[PDB]
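Asks: Input file: data01.cif. Contents: mmCIF, C-alpha atoms.
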data_final
#
loop_
_atom_site.label_atom_id
_atom_site.label_comp_id
_atom_site.auth_asym_id
_atom_site.auth_seq_id
_atom_site.Cartn_x
_atom_site.Cartn_y
_atom_site.Cartn_z
CA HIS A 1 24.85 19.62 -56.14
CA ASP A 2 26.66 19.66 -59.56
CA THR A 3 24.68 17.26 -61.78
CA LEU A 4 25.68 14.50 -64.19
CA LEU A 5 22.76 13.66 -66.49
CA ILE A 6 22.67 10.14 -67.95
CA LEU A 7 20.85 10.04 -71.26
CA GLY A 8 20.66 6.31 -71.89
CA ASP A 9 18.61 3.30 -72.95
CA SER A 10 18.15 -0.03 -71.11
CA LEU A 11 21.89 -0.34 -70.29
CA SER A 12 21.52 2.69 -67.93
CA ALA A 13 17.78 2.58 -67.12
CA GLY A 14 17.93 -1.05 -66.07
CA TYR A 15 16.28 -3.79 -68.12
CA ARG A 16 13.32 -5.32 -66.24
CA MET A 17 14.51 -3.99 -62.90
CA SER A 18 13.61 -0.86 -60.92
CA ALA A 19 15.16 2.58 -60.90
CA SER A 20 16.77 1.85 -57.53
CA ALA A 21 18.45 -1.35 -58.80
CA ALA A 22 20.18 0.19 -61.86
CA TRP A 23 23.80 1.30 -61.72
CA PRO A 24 23.11 5.11 -61.89
CA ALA A 25 21.19 4.95 -58.58
CA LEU A 26 24.10 3.02 -57.08
CA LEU A 27 26.61 5.60 -58.42
CA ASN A 28 24.37 8.35 -57.02
CA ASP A 29 24.48 6.59 -53.61
CA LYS A 30 28.26 6.25 -53.76
CA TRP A 31 28.69 9.93 -54.71
CA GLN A 32 26.17 11.39 -52.25
CA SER A 33 26.74 15.07 -51.33
CA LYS A 34 29.46 15.47 -54.01
CA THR A 35 27.91 14.87 -57.40
CA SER A 36 24.27 14.39 -58.26
CA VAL A 37 23.51 11.60 -60.74
CA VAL A 38 20.19 12.01 -62.59
CA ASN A 39 19.05 8.98 -64.54
CA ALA A 40 17.21 10.11 -67.72
CA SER A 41 17.33 6.71 -69.36
CA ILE A 42 14.41 4.72 -70.73
CA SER A 43 14.52 1.08 -71.94
CA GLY A 44 14.18 0.77 -75.69
CA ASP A 45 15.11 4.39 -76.43
CA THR A 46 16.73 5.13 -79.81
CA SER A 47 19.09 8.00 -80.28
CA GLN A 48 16.24 9.97 -81.91
CA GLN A 49 13.96 9.35 -78.87
CA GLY A 50 16.81 10.45 -76.61
CA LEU A 51 17.25 13.65 -78.61
CA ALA A 52 13.48 14.40 -78.46
CA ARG A 53 13.64 14.35 -74.62
CA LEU A 54 16.91 16.29 -74.41
CA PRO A 55 15.82 19.99 -74.57
CA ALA A 56 13.35 19.50 -71.65
CA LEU A 57 16.02 17.63 -69.60
CA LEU A 58 18.69 20.31 -70.12
CA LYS A 59 16.28 23.07 -69.12
CA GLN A 60 14.96 21.02 -66.15
CA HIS A 61 18.23 19.59 -64.73
CA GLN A 62 20.81 22.20 -65.92
CA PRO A 63 23.58 19.54 -65.85
CA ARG A 64 27.33 20.14 -65.88
CA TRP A 65 27.99 16.83 -67.72
CA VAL A 66 25.76 14.63 -69.91
CA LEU A 67 26.69 11.00 -70.42
CA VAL A 68 25.26 9.89 -73.78
CA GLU A 69 24.68 6.12 -74.03
CA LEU A 70 22.53 5.65 -77.14
CA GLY A 71 22.55 3.95 -80.53
CA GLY A 72 22.19 0.29 -79.54
CA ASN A 73 18.48 0.22 -80.41
CA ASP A 74 18.72 2.29 -83.60
CA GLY A 75 19.25 -0.53 -86.17
CA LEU A 76 16.35 -2.63 -84.82
CA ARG A 77 14.00 0.36 -85.35
CA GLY A 78 14.87 1.13 -89.00
CA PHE A 79 17.55 3.86 -88.48
CA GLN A 80 20.80 3.38 -90.49
CA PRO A 81 24.31 4.10 -89.02
CA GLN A 82 24.52 7.41 -90.90
CA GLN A 83 21.21 8.45 -89.20
CA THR A 84 22.52 7.41 -85.78
CA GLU A 85 25.74 9.43 -86.40
CA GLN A 86 23.77 12.55 -87.35
CA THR A 87 21.38 12.15 -84.35
CA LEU A 88 24.29 11.81 -81.91
CA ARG A 89 25.98 14.77 -83.61
CA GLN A 90 22.86 16.80 -82.83
CA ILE A 91 22.77 15.57 -79.20
CA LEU A 92 26.44 16.57 -78.65
CA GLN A 93 25.68 19.98 -80.16
CA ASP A 94 22.67 20.62 -77.82
CA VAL A 95 24.65 19.57 -74.75
CA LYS A 96 27.54 21.95 -75.59
CA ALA A 97 25.12 24.78 -76.50
CA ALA A 98 23.55 24.35 -73.05
CA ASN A 99 27.13 24.75 -71.66
CA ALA A 100 27.42 21.20 -70.35
CA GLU A 101 30.23 18.75 -71.24
CA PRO A 102 29.17 15.71 -73.34
CA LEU A 103 30.63 12.30 -72.46
CA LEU A 104 30.07 9.72 -75.18
CA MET A 105 30.02 5.99 -74.44
CA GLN A 106 31.24 3.63 -77.12
CA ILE A 107 28.43 1.27 -78.19
CA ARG A 108 28.91 -2.19 -79.79
CA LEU A 109 26.24 -4.31 -81.51
CA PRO A 110 26.12 -8.16 -81.42
CA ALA A 111 28.47 -9.96 -83.84
CA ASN A 112 25.12 -11.29 -85.14
CA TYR A 113 24.38 -8.03 -87.05
CA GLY A 114 27.16 -8.35 -89.66
CA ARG A 115 30.84 -7.46 -89.99
CA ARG A 116 30.27 -4.72 -92.61
CA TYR A 117 27.54 -3.21 -90.36
CA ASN A 118 29.39 -3.43 -87.00
CA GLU A 119 32.56 -1.71 -88.27
CA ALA A 120 30.49 1.18 -89.67
CA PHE A 121 28.33 1.39 -86.51
CA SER A 122 31.16 1.16 -83.99
CA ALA A 123 33.24 3.68 -85.98
CA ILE A 124 30.84 6.61 -85.47
CA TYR A 125 31.70 6.85 -81.75
CA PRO A 126 35.47 7.64 -82.06
CA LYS A 127 34.63 9.80 -85.09
CA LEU A 128 32.30 12.00 -83.02
CA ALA A 129 34.53 11.94 -79.92
CA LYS A 130 37.32 13.32 -82.15
CA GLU A 131 35.00 15.72 -84.03
CA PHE A 132 33.70 17.31 -80.77
CA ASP A 133 36.90 16.61 -78.73
CA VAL A 134 35.02 14.95 -75.87
CA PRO A 135 35.62 11.91 -73.62
CA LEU A 136 34.82 8.56 -75.21
CA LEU A 137 34.16 5.97 -72.51
CA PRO A 138 34.64 2.27 -73.47
CA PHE A 139 31.54 0.02 -73.71
CA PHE A 140 31.29 -1.54 -70.24
CA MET A 141 29.36 -4.58 -71.62
CA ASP A 142 32.63 -5.83 -73.10
CA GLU A 143 33.64 -6.60 -69.49
CA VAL A 144 30.24 -7.46 -68.04
CA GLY A 145 29.77 -10.08 -70.79
CA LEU A 146 32.79 -12.00 -69.52
CA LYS A 147 30.65 -13.08 -66.51
CA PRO A 148 27.59 -15.19 -67.54
CA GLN A 149 26.36 -14.81 -63.92
CA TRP A 150 25.96 -11.04 -64.65
CA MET A 151 23.82 -11.49 -67.81
CA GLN A 152 20.04 -11.79 -68.05
CA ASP A 153 18.64 -14.76 -70.03
CA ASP A 154 18.52 -12.82 -73.31
CA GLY A 155 22.37 -12.64 -73.37
CA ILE A 156 22.16 -8.91 -74.04
CA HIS A 157 21.29 -7.05 -70.84
CA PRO A 158 23.20 -7.02 -67.52
CA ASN A 159 21.22 -8.39 -64.56
CA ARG A 160 20.64 -6.91 -61.08
CA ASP A 161 23.74 -8.55 -59.71
CA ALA A 162 25.91 -6.80 -62.33
CA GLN A 163 24.85 -3.30 -61.32
CA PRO A 164 27.26 -2.75 -58.35
CA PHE A 165 30.20 -3.69 -60.61
CA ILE A 166 29.09 -1.34 -63.38
CA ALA A 167 28.63 1.51 -60.86
CA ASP A 168 32.26 0.90 -59.65
CA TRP A 169 33.55 0.80 -63.21
CA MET A 170 31.76 4.05 -64.06
CA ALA A 171 32.92 5.77 -60.87
CA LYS A 172 36.52 4.98 -61.93
CA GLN A 173 36.06 6.05 -65.56
CA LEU A 174 34.30 9.27 -64.43
CA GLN A 175 36.54 10.12 -61.44
CA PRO A 176 39.09 12.35 -63.27
CA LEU A 177 36.27 14.13 -65.19
CA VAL A 178 34.02 14.75 -62.18
CA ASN A 179 36.16 16.24 -59.38
#
Transcribe the structure of this file into structure tokens.
Replies:
Amino acid sequence: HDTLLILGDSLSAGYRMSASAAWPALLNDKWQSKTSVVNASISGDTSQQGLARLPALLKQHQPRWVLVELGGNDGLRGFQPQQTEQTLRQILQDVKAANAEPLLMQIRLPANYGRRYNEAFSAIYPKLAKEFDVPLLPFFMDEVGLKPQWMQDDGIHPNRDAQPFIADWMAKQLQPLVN
């Protein structure tokens, strides 16, 4: 009955698969009658789009914890790292002000983007985790990517088959935090 809210993009919503197929639904199943998992993710969401939806989610779901998994789409849509940092800062602030605990997931961009860019982008996550003194979960795609059979054709998004694994991985990361 205590709720974890997942505020994510495609990596949590599921890319070209249903609600029921994505790892949060599987985690919800695994944690039935202990912890409620509410998936508030939408494919393609930027950090700014996530923040826009946040006040209505906090009021509606009154979560105890909010897992923030955003930033991956920000560069592609014209937002610089410094803008992503500030947007995430604001998200963490709203979660704490609603007396929930923020959990930040580390995001990594494709090597493709540039070495100068990736270091700056990746660096905002530990910076904010330290600044707000919150859990920083590792980027699960670092592991999922090691199995081509778990990747959709685009080489970016985990497929249906990957979702049970990711649910297991999240359950383990989140266990000490949630009961």
Asks: Name the residues captured by the PyMOL selection byres ((chain A and resi 167) around 12) when it is applied to the shown file; answer as a PyMOL selection string.
Replies: chain A and resi 11-12+21-31+37+140+144+160-166+168-175
Asks: Quote the spacing between atom CA of residue 154 of chain A and atom CA of residue 108 of chain A in Å to one decimal place.
Replies: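 Atom CA of residue 154 of chain A sits 16.2 Å away from atom CA of residue 108 of chain A.
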Asks: I'd like the contact shell of segment 105-107 of chain A - 6 Å cut-off, all atoms listed in the file, skipping same-chain residues fewer than 4 positions apart - returned as an NGL selection string.
Replies: :A and (69 or 125 or 136-139)
Asks: When the PyMOL selection byres ((chain A and resi 178) around 10) is applied to the file above, which residues end up in the set, as a ChimeraX atom specification?
Replies: /A:2-4,34-35,64-65,171,173-177,179
Asks: Store the residues picked out above, limited to C-alpha atoms, as a PDB file, in the coordinates of the input.
Replies:
ATOM      1  CA  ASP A   2      26.660  19.660 -59.560  1.00  0.00           C
ATOM      2  CA  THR A   3      24.680  17.260 -61.780  1.00  0.00           C
ATOM      3  CA  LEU A   4      25.680  14.500 -64.190  1.00  0.00           C
ATOM      4  CA  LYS A  34      29.460  15.470 -54.010  1.00  0.00           C
ATOM      5  CA  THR A  35      27.910  14.870 -57.400  1.00  0.00           C
ATOM      6  CA  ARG A  64      27.330  20.140 -65.880  1.00  0.00           C
ATOM      7  CA  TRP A  65      27.990  16.830 -67.720  1.00  0.00           C
ATOM      8  CA  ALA A 171      32.920   5.770 -60.870  1.00  0.00           C
ATOM      9  CA  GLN A 173      36.060   6.050 -65.560  1.00  0.00           C
ATOM     10  CA  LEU A 174      34.300   9.270 -64.430  1.00  0.00           C
ATOM     11  CA  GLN A 175      36.540  10.120 -61.440  1.00  0.00           C
ATOM     12  CA  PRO A 176      39.090  12.350 -63.270  1.00  0.00           C
ATOM     13  CA  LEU A 177      36.270  14.130 -65.190  1.00  0.00           C
ATOM     14  CA  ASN A 179      36.160  16.240 -59.380  1.00  0.00           C
TER      15      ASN A 179
END
Asks: If I take atom CA of residue 134 of chain A and atom CA of residue 90 of chain A, how far is one from the other in Å, to one decimal?
Replies: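 Value for the atom CA of residue 134 of chain A-atom CA of residue 90 of chain A distance: 14.1 Å.
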Asks: From the set A:129, A:66, A:79, A:88, which residue has the shortest atom-to-atom contact distance to residue 102 of chain A, counting only C-alpha atoms?
Replies: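 Nearest candidate to residue 102 of chain A out of A:129, A:66, A:79, A:88: A:66.
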Asks: Could you list, as a list in words, every residue matched by the PyMOL selection byres ((chain A and resi 89) around 10) in this structure?
Replies: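 When the PyMOL selection byres ((chain A and resi 89) around 10) is applied, the selected residues are residues 83, 84, 85, 86, 87, 88, 90, 91, 92, 93, 94, 124, 125, 128, 129, 131 and 132 of chain A.
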Asks: What is the distance, in Å and to one decimal place, between atom CA of residue 121 of chain A and atom CA of residue 109 of chain A?
Replies: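 Atom-to-atom, atom CA of residue 121 of chain A to atom CA of residue 109 of chain A, that is 7.9 Å.
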Asks: Given all atoms listed in the file as the basis, pick out the residue of A:111, A:95, A:116, A:147 nearest to residue 54 of chain A.
Replies: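 Ranking A:111, A:95, A:116, A:147 by distance to residue 54 of chain A, first place goes to A:95.
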Asks: Please determine, counting only C-alpha atoms, which residue among A:98, A:19, A:103, A:32 has the shortest atom-to-atom distance to residue 70 of chain A.
Replies: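 Closest candidate: A:103.
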Asks: Excluding residue 5 of chain A and any residue of its chain fewer than 3 positions from it, enumerate the residues within 9 Å of it, using all atoms listed in the file, and give them as a ChimeraX atom specification.
Replies: /A:36-40,57-58,61-68
Asks: Output the selection as a CSV table (one decimal), in the coordinates of the input - C-alpha atoms for each residue.
Replies:
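Final file, part_12.csv:
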chain,number,residue,atom,x,y,z
A,36,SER,CA,24.3,14.4,-58.3
A,37,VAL,CA,23.5,11.6,-60.7
A,38,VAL,CA,20.2,12.0,-62.6
A,39,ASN,CA,19.0,9.0,-64.5
A,40,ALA,CA,17.2,10.1,-67.7
A,57,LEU,CA,16.0,17.6,-69.6
A,58,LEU,CA,18.7,20.3,-70.1
A,61,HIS,CA,18.2,19.6,-64.7
A,62,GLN,CA,20.8,22.2,-65.9
A,63,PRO,CA,23.6,19.5,-65.8
A,64,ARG,CA,27.3,20.1,-65.9
A,65,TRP,CA,28.0,16.8,-67.7
A,66,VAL,CA,25.8,14.6,-69.9
A,67,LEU,CA,26.7,11.0,-70.4
A,68,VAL,CA,25.3,9.9,-73.8
Asks: Taking all atoms listed in the file into account, which of A:146, A:97, A:151, A:13 comes nearest residue 59 of chain A?
Replies: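 Comparing A:146, A:97, A:151, A:13 against residue 59 of chain A, the winner is A:97.
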Asks: Would you compute an axis-aligned box for segment 75-89 of chain A, covering every atom listed for it in the file with 3 Å of margin on each side, and report centre and edge lengths in Å to one decimal as JSON?
Replies:
{"center_x": 20.0, "center_y": 6.1, "center_z": -86.4, "size_x": 18.0, "size_y": 23.4, "size_z": 15.0}
Asks: So which one's closest to residue 145 of chain A, A:130, A:110, A:17, A:81? Using only C-alpha atoms, please.
Replies: A:110
